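For reference, the structure discussed in these notes is given below.
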Amino acid sequence: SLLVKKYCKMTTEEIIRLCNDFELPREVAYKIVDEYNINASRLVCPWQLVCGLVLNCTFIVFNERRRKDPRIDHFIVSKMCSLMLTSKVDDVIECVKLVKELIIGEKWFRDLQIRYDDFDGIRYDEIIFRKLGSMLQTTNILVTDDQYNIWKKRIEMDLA
Amino acid sequence: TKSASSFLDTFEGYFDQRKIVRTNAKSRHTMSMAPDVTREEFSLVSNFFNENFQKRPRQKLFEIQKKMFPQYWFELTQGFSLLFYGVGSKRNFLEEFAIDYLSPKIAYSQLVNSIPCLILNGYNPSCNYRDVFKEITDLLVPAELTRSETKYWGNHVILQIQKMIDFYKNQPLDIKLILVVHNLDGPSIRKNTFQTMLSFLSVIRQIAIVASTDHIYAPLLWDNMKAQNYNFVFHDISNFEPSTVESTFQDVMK
Amino acid sequence: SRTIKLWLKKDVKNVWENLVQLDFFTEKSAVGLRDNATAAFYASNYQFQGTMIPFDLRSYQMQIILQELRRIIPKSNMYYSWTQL
Amino acid sequence: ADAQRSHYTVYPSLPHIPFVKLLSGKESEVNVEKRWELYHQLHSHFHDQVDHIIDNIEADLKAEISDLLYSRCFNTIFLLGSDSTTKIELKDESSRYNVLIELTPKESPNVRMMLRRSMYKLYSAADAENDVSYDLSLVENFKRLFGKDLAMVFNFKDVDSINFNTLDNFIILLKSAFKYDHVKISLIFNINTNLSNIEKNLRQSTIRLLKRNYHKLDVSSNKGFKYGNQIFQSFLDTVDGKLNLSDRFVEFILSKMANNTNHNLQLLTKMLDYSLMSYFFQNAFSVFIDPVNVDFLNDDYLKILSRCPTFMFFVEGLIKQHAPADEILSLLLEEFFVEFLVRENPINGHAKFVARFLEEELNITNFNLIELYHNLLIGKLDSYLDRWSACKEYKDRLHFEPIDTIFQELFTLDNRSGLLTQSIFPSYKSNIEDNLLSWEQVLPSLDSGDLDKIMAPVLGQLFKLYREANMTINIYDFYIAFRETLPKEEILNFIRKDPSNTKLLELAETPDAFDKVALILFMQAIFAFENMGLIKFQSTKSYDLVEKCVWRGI
Amino acid sequence: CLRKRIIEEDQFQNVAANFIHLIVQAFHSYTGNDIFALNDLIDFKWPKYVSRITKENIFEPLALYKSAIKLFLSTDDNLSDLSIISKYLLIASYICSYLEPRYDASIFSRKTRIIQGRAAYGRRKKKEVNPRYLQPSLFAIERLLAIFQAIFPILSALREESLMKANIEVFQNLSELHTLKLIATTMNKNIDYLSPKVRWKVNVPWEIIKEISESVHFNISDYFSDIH
């Protein structure tokens with residue numbers, strides 16, 4: 271288990287290797303590098319911080335693919351347990367929640383949230399009406415128009 | 233002065249940030265090293281930054297918030313009191329909602356003058372509950388107490404409001420008064436008699452209650468009986484407004 | 424250890461109230477009976493802090509000290525040895 | 016100025039329903055008015071039954087107190109969980125005045141005021157159907194003045210709030226009336242906490258006095274769930290055949306109803322009411338709970354109803370069961392929508408059936424109909440009925456499997472958006488903390511554009527440094543930390559954007575300009591924090607250190 | 214009752237006097253020399269003593285005493323519904339009132355550290371005075387809410411954040427606890443609830459909070475066993 275190993279040694283090359291197996295953009299990868307570098311002397315297990323950083327960035331960058339396909343959300347963490355050498359998935363989401371405290375309110379995290387238009391899993395135009403307590407907020411008990419359209423196209427493909 | 237604490241949030245952060253700092257680890261930095269600023273340049277820079285910094289996002293957000301105005305009107309017609317809260321001044325929002333929107337809608341739906360709006364500036368420390376009830380008795384003309392209803396050195400305001408509650412239960416449910424309360428958790432209106440008076444007025448279905456709160460601990464003011472009487476629907480309206488009107492009663496130099 | 449029935453807390457509460465009533469105990473820093481009717485009227489409209497906390501936590505002081513009890517309690521009493529520390 | 020006044024009245028200037043047009047504004051106004059009137063009949067049908075239930079609570083509760091109050101000591105009644113709102117009645121009993129005396133803690137600062145108010149009320153009530182002294186000699190002279198015997202019923206309201214020394218001395222005072230042969234005294238105590246909390250505050254001789262004849266009465270609405278079940282059943286019979294209730298909604302109702310004990314019924318009424326308002330305000334299919342609107346089918350109704358997952362499951366089961374493709378494309388509907396919205400949905404009538412069978416045929420009364428309805432919704436009614444050890448022989452008669460009907464998602468009360476949580480029971484201080492910390496979920500990011515783009519609003523920027531700091535903050539070091547985040551060049555360019563303001567242009571070319579601007583903005587945000595309650599000055603005349611008061615996530 | 218008991222199945233005066241001396245011998249240490257308290261005890265225990273009078277007992281005083289011996293071992297002069327949030331707020335207020343605020347991280351802190359640091363070590367040596375025998379200490383609102391959050395009971407858990415935050419129900423329950431005077435303040439009239447100068451303290455004894463904690467199956471004694 272890579273999350274158990276205390277005071278371990280790592281370089282930026284391993285960080286780029288982890289960030290290139292998730293196909294993140296390069297600026298986000300160097301911001302992950304800088305975020306590890308400004309905390310590197312004070313982590314009991316730096317792989318905990320790195321795991322939370324890449325998981326929180328890969329939730330944000332592919333928010334549209336996660337919206338149109340939830341199984342990607344069941345893929346990515348299921349892939350990353352293969353890289354942290356852990357069988358249970360609870361420590362990975364614990365890493366996500368523990369790192370989430372340390373980067374919320376940071377300027378680059380907020381700019382990433384703005385430019386991908388992703389604030390805790392939804393766009394601004396939905397979160398403003400859930401914050402206002404609107405009765406007309408787009409609740410999710412039906413399916414969206416894009417999901418309905420791609421499902422209708424897929425079922426018309428498999429009909430003939 | 234960032235803390236050397238492992239935690240930030242929850243009780244973990246609360247217990248981790250309340251540790252003991254040694255005397256040599258403290259900073260003896262004072263206000264004498266700050267640049268000297270007079271009142272006039274304070275006023276000049278504040279009214280410049282409060283009128284040009286982030287004004288366009290505040291304008292667009294405020295145009296989003298008036299799409300909530302029919303839902304606010306519908307919640308007021310079903311007997312709920314509106315409580316607004318958030319970061320920033322909510323005074324302009326409350327007067328714009330109650331005067332420019334809500335009173336003509338109530339007056340036209342009850343068909355010729357519009358509904359009177361009684362404004363309570365709870366940010367004013369001189370807000371007095373007896374004079375507010377004097378204005379209410381001029382606006383609503385309730386029946387005066389008889390001799391058996393005065394009890395024995397009772398509070399005449401509370402007994403008169405209880406008589407008003409017993410009267411208005413058998414009246415048509417048409418709104419006769421719009422009570423706007425800016426800063427319901429303000430320095431004098433947060434007291435127990437003022438809150439009791441306002442919750443018993445909120446019992447009456449013919450008075451619409453639109454209130455705002457600024458303190459982070461404002462729901463501590465209301466127990467089960469006052470929460471039942473107030474009948475609040477809560478609405479978060481954060482706008483990061485300057486709040487320059489409410490700051491005139493405090494000293495910004497201190 | 425060296447028999448006497450040990451009474452429970454609920455029964456000792458009545459003995460405690462009887463000892464307060466017989467002026468063996470006195471509430472801490474209590475003024476008591478005021479000098480004039482105006483001071484008594486001012487006191488009667490004040491809510492004292494001792495009247496709201498539970499009875500087991502009220503501070504009290506002795507009107508008779510342990511040395512005086514050793515002076516008065518006879519030698520043949522079964523609690524005479526505990527009038528010394 | 017009106018802004019500097021204590022209060023002022025504005026007679027607005029007058030230069038028609040709050041429901042809006044749905045279907046992206048393409049709904050007709052006829053459907054909007056029909057939704058309005060439909061909501062009004064549903065709300066009236068629910069609230070008439072609720073008013074009748076509340077009146078029956080009042081009538082039966084006065085009946086129980088009147089039974090316990092009648093048929100040389102006090103007659104003591106302890107009303108547990110009372111909340112002291114009920115009007116207690118006394119009968120007409122000839123040759124005897126029955127006088128009822130209400131006392132609150134506000135009317136009881138000392139024993140003298142208790143006796144003076146009690147004898148004033150006694151004399152006023154005796155005169156209502179030569180001045181006297183308002184003391185206990187009015188009690189001993191009552192048969193000399195008025196000729197009949199006296200029965201005083203004292204009702205102490207909010208007994209957990211009255212000073213107990215005053216109440217003990219008042220009971221000891223009222224003990225003096227036992228030597229008069231024409232006086233009987235009843236005491237009614239509105240106990241809110243429990244009886245053991247009351248007797249630990251009274252003296253032991255007073256408890257021995259009160260022990261001669263006392264009656265306990267649980268007067269709460271939680272006892273037996275008899276009044277909550279009637280309100281929930283009234284809501285069910287309002288929406289029977291029209292609307293469904295989700296298991297999430299009923300679980301939310303139970304979880305919120307557990308958190309409030311003294312005021313349970315009107316919280317339930319408020320929650321059901323707000324769910325009904327939310328449904329009739331957000332859903333254009335509400336007109337289809339009336340069968341006369343089935344000619345109001347348009348296109349946008351069809352594309353909204355085609356995204357139902359029950360329709361999704363039904364058509365994929367249809368392509369599982371039907372090999373040819375011609376019948377599948379014909380459905381992908389308007390006529391098929393009509394024939395299924397008139398289904399009976401007999402779960403409400405069966406819930407009434409098991410309710411009356413549990414109450415009147417098995418003599419079991421301690422059941423929550425809301426919890427029973429939740430267990431019937433999730434399919435575990437047998438696991439709810441196997442507790443009393445008497446429904447074992449009736450386990451097979453009361454069996455019910457849930458039928459996940461088609462297009463029930465357009466007619467249901469749910470909470471999967473958190474609207475009921477954000478409106479009725481919000482996380483108030485958590486919402487304030489999260490709006491301060493994040494702030495990009497509040498203010499839009501439109502793309510002084512440069513300074514708005516690269517500098518935060520001042521309160522959020524102050525909160526970001528506030529949260530990462532210690533309990534005790536130096537104000538000057540806080541200002542130094544706040545000044546480092548600000549842009550030193552773009553702010554000085556921003557205050558030079560307006561050439562009309564001359565004093566700001568004069569102050570901009572000062573060599574100490576940026577520090578002055580930073581200190582002004584910092585001080586304004588610090589006083590905003592102080593007014594919100596986030597910080598506290600731990601002094602009176604220095605104002606050099608502050609203490610953190612609020613932590614995010616608590 | 215006595216003349217009903219003799220028909221259901230000087231010496232009457234003998235058995236009444238014997239009951240009076242038995243009451244005095246059982247309860248003189250409790251009542252003292254109070255005529256009134258012994259009169260109440262006689263009135264309370266006379267019908268329960270009459271109800272255990274038999275033909276074998278009417279002329280045998282020692283056997284009649286042994287038949288109704290329960291009336292003389294206990295005085296029995298007594299008269300013998324909060325929310326879950328109110329119950330845990332009362333427990334947390336008792337904890338705040340009787341534990342000093344410099345060791346809470348040594349009891350309640352449990353969460354995994356990403357940043358290097360140390361929690362509180364704990365109290366070094368135990369005190370030999372039980373602090374619940376004294377008056378309660380004063381605390382702030384946020385300490386009470388922090389300890390209440392600590393002691394309240396607990405891929406879809408990723409978006410859960412399973413920790414209860416102080417919403418308006420918690421503050422409403424706290425205000426209800428204050429208006430019932432199970433919590434108290436430093437001032438009693440014209441109370442400024444929102445001032446940071448106003449502090450809070452518990453207002454229940456140990457027995458009340460003990461039966462409250464056993465009502466919710468909370469181990470409140472485990473926070474007091476190691477401290478003294």
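Chains as they are written, first to last, in the deposited numbering: chain F, 271 to 430; chain B, 233 to 343, 355 to 497; chain D, 424 to 425, 447 to 529; chain C, 16 to 30, 38 to 93, 100 to 157, 179 to 381, 388 to 502, 510 to 616; chain E, 214 to 222, 230 to 300, 323 to 396, 405 to 478.
Where is the CB? At the ideal position from N, CA and C, for every residue including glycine.
In its own chain, which residues sit with a C-beta less than 8 angstroms from the C-beta of residue i, not counting the 5 before and 5 after it?
i, result
"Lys-369(E)", "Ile-477 and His-478"
"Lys-370(F)", "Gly-322 and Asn-326"
"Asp-248(B)", "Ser-237, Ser-238 and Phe-239"
"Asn-536(C)", "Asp-606 and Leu-607"
Kindly list the residues whose CB is nearer than 6 angstroms to the CB of residue i, restricted to its own chain and excluding five residues on each side of it in sequence; keep chain order.
i, result
"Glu-464(E)", "none"
"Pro-373(E)", "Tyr-340"
Residue i CB to nearest chain G CB: under 8 angstroms?
i, result
"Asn-532(C)", "This model lacks chain G altogether; the protein chains it does include are F, B, D, C and E."
Residue range of the beta strand (DSSP E) that residue i falls in?
i, result
"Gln-505(D)", "504-506"
"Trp-317(F)", "Counting along the chain, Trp-317(F) falls outside any beta strand (DSSP E), though it belongs to the alpha helix (DSSP H) covering 316-331."
"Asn-126(C)", "124-131"
"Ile-450(B)", "450-455"
"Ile-421(B)", "420-425"
Could you check what DSSP says for residue i in three-state terms: helix, strand or coil?
i, result
"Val-25(C)", "strand"
"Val-495(B)", "coil"
"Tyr-330(E)", "helix"
"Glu-489(B)", "helix"
"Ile-597(C)", "strand"
"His-428(E)", "helix"
"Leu-108(C)", "strand"
"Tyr-490(D)", "coil"
"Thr-309(B)", "helix"
"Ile-448(D)", "coil"
To the nearest angstrom, how far is it from the Cα of residue i to the Cα of residue j?
i, j, result
"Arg-380(F)", "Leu-272(F)", "29 angstroms"
"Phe-203(C)", "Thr-132(C)", "11 angstroms"
"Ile-326(E)", "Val-420(E)", "10 angstroms"
"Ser-136(C)", "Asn-480(D)", "23 angstroms"
"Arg-290(B)", "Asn-482(B)", "6 angstroms"
"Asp-17(C)", "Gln-286(B)", "27 angstroms"
"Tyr-483(C)", "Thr-233(B)", "28 angstroms"
"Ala-299(F)", "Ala-257(B)", "37 angstroms"
"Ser-438(C)", "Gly-404(C)", "20 angstroms"
Could you check where the alpha helix (DSSP H) with residue i kicks off and where it finishes?
i, result
"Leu-607(C)", "Careful: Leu-607(C) lies outside any alpha helix (DSSP H), inside the beta strand (DSSP E) at 607-610."
"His-248(E)", "231-251"
"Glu-244(B)", "242-249"
"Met-201(C)", "Unbroken run through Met-201(C) is the beta strand (DSSP E), 198-205; no alpha helix (DSSP H)."
"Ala-543(C)", "537-547"
Applying the 10 Å Cβ sphere with the 16-neighbour rule, what's the burial state of residue i?
i, result
"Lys-550(C)", "exposed"
"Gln-279(C)", "buried"
"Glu-272(B)", "exposed"
Can you name, in chain order, every residue of its own chain whose Cβ lies under 7 angstroms from the Cβ of residue i, other than the five neighbours on each side?
i, result
"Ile-433(C)", "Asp-296"
"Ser-328(E)", "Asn-423, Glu-426 and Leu-427"
"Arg-558(C)", "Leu-567 and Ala-570"
"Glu-130(C)", "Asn-204 and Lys-206"
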